[PDB]
Structures are given as C-alpha cells and as structure tokens.
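Engineer: First the structure, then my questions, so here it is.
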Amino acid sequence: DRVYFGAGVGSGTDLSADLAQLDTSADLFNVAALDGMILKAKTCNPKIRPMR
Amino acid sequence: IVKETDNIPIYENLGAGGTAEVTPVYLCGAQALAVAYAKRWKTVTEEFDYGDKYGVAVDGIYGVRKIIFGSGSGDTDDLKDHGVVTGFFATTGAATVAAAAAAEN
C-alpha cells in the first residue's frame, strides 16, 4: 500500500519481477504517476500523516 | 462541492466479469441524514482488583439513519432516499471490502 511501480503495474509477490515490468517508453515519472503515488499515500490503512 | 473522504468503501469483484472494483459516490442535499443523540460521548474511569487495574471507557447513546420515505399506497411502501443520490462507478484502487463481505448476502 506504499509502493508504486511505473504506471501502476506489477504484482505483490516479487520485487525483481515487479522491477522487470518497468520499460522506458510507458513507465516514466509523470503527472499520472505522481497522482498514483498520492493515492497510495492517501489510501493506505496506516494513513500517512501529511506534512501540513 | 465534491469532497474527498478516504473512508468510502471499495467493493471487490462487483464490476465487469467479477474482477473490477465498484465504489459509491453520494450526492446529498438538505435533509439527507438524521442523527439522534440520547446521550453524547462521555468518559468514565474505574479501578479493579484492589486498585491494581485501571480502566478507561468511552460511552454514548445515539443513532445515525439515512432518511428514506415511502412513495406508494402504504406509509412504509416503495421507499425512496429522501435527499440522497447514489452513484456506482468503477475504480482501479485496492478494495476496502473483501469479496466475501461485498457479495450479496
């Protein structure tokens, strides 16, 4: 609930397999990835306390 | 005014093909919910076992209900949600409610 992979790909079993799903064409850092990371921060059960 | 409330449940395997996750969105106007308060939240303290154990308790008497009113011949006939519009949409997020708890009883 705190790790985001690329555009939101990968299973929850192997870290190496998840990292092997990252390609240079569609798994870059953009606004969609940032929004996904913010969603992960706001939807985790042990809520991440905001800075302000 | 759309508000982000983090504790709206995400139901699992209720979407297309029994795989997608379905979430509700609630549009509310005046007279949407009713909260009755017979006793507000209060705190009490107690000692047990010759004063060896200390217990703190929180207490309340209340009830929250969605206002629904009949629309047929009888008083409690065809019921309509007085002041609430419910929308069911699809999401890619992790489900807050498991498939067993989300399936029809």
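Order determines the names: the first chain of the structure tokens is A, the second B, and so forth; residues in each chain are numbered 1 upward, and ligands are numbered 1 upward as they are shown.
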For chain B against chain A, which residues fall within 9 Å using only C-alpha atoms, given as a list in words?

Structural biologist: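 Selected residues: residues 6, 7, 93 and 94 of chain B.
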
Engineer: Generate a file of the selected residues that holds N, CA, C and O atoms, formatted as a short mmCIF file (atom, residue, chain, number, x, y, z; two decimals), in the first residue's frame.

Structural biologist:
```cif
data_model
loop_
_atom_site.label_atom_id
_atom_site.label_comp_id
_atom_site.auth_asym_id
_atom_site.auth_seq_id
_atom_site.Cartn_x
_atom_site.Cartn_y
_atom_site.Cartn_z
N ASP B 6 -11.73 9.66 2.72
CA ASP B 6 -10.89 8.49 2.50
C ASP B 6 -11.55 7.18 2.90
O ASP B 6 -11.02 6.12 2.54
N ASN B 7 -12.67 7.22 3.62
CA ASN B 7 -13.26 6.02 4.19
C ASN B 7 -14.53 5.58 3.46
O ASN B 7 -15.40 4.94 4.05
N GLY B 93 -8.52 1.05 -7.73
CA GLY B 93 -7.92 1.04 -6.42
C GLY B 93 -8.10 -0.28 -5.70
O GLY B 93 -8.93 -1.12 -6.05
N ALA B 94 -7.30 -0.46 -4.65
CA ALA B 94 -7.41 -1.64 -3.82
C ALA B 94 -8.72 -1.61 -3.04
O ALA B 94 -9.14 -0.57 -2.54
#
```

Engineer: I need the residues in chain A that are alpha helix (DSSP H) according to DSSP; give them as a PyMOL selection string.

Structural biologist: chain A and resi 15-19+31-43

Engineer: Write out as a list in words each polymer residue whose atoms come within 12 Å of residue A:3, counting only C-alpha atoms; drop sequence neighbours fewer than 6 positions from it.

Structural biologist: residues 9, 10, 11, 12, 15, 18, 19, 33, 34, 36, 37, 38, 39, 40, 41, 43 and 44 of chain A

Engineer: Just the number, please: distance in Å from atom CA of residue B:104 to atom CA of residue B:68, one decimal.

Structural biologist: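 Interatomic distance, atom CA of residue B:104 to atom CA of residue B:68: 21.6 Å.
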
Engineer: Give me the residues near residue B:2 as a count of residues only, where near means some atom within 10 Å (using only C-alpha atoms) and where sequence neighbours in that chain fewer than 3 positions away do not count.

Structural biologist: 4

Engineer: Find the distance between atom CA of residue A:29 and atom CA of residue A:6 and write it in Å to one decimal.

Structural biologist: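 About the pair atom CA of residue A:29 and atom CA of residue A:6: they are 7.1 Å apart.
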
Engineer: Need the shell around residue B:95: protein/DNA/RNA residues with any atom at most 12 Å away, counting only C-alpha atoms. Skip same-chain ones fewer than 3 positions apart. Format as a VMD selection string?

Structural biologist: (chain A and resid 1 43 to 45) or (chain B and resid 7 to 15 19 to 23 90 to 92 98 to 102)

Engineer: Write to file, as a compact mmCIF listing (two decimals), in the first residue's frame, the residues of the selection just made, with C-alpha atoms.

Structural biologist:
```
# COMPACT_ATOMS: atom_id res chain seq x y z
CA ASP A 1 0.00 0.00 0.00
CA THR A 43 -5.46 5.22 0.77
CA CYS A 44 -3.02 3.20 2.90
CA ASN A 45 -4.62 1.76 6.03
CA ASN B 7 -13.26 6.02 4.19
CA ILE B 8 -15.72 5.36 1.36
CA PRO B 9 -15.69 1.57 0.86
CA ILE B 10 -14.43 -0.04 -2.35
CA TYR B 11 -16.34 -3.24 -3.05
CA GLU B 12 -14.40 -6.11 -4.60
CA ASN B 13 -15.31 -8.23 -7.64
CA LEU B 14 -18.63 -6.44 -8.20
CA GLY B 15 -17.61 -5.00 -11.59
CA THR B 19 -12.95 -8.53 -11.40
CA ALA B 20 -13.46 -4.77 -11.34
CA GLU B 21 -13.92 -2.81 -8.11
CA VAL B 22 -17.09 -0.76 -7.58
CA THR B 23 -17.18 2.39 -5.45
CA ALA B 90 -15.52 1.52 -11.37
CA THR B 91 -12.07 2.03 -9.87
CA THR B 92 -8.59 0.53 -10.12
CA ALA B 98 -13.29 -8.18 0.55
CA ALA B 99 -15.23 -10.23 -1.99
CA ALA B 100 -16.87 -12.38 0.69
CA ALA B 101 -18.13 -9.34 2.61
CA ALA B 102 -19.14 -7.47 -0.57
```

Engineer: Closest to residue B:32 among B:82, B:1, B:88, B:59, using only C-alpha atoms?

Structural biologist: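 Ranking B:82, B:1, B:88, B:59 by distance to residue B:32, first place goes to B:82.
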
Engineer: One decimal, in Å: what's the spacing between atom CA of residue B:35 and atom CA of residue B:83?

Structural biologist: 14.8 Å
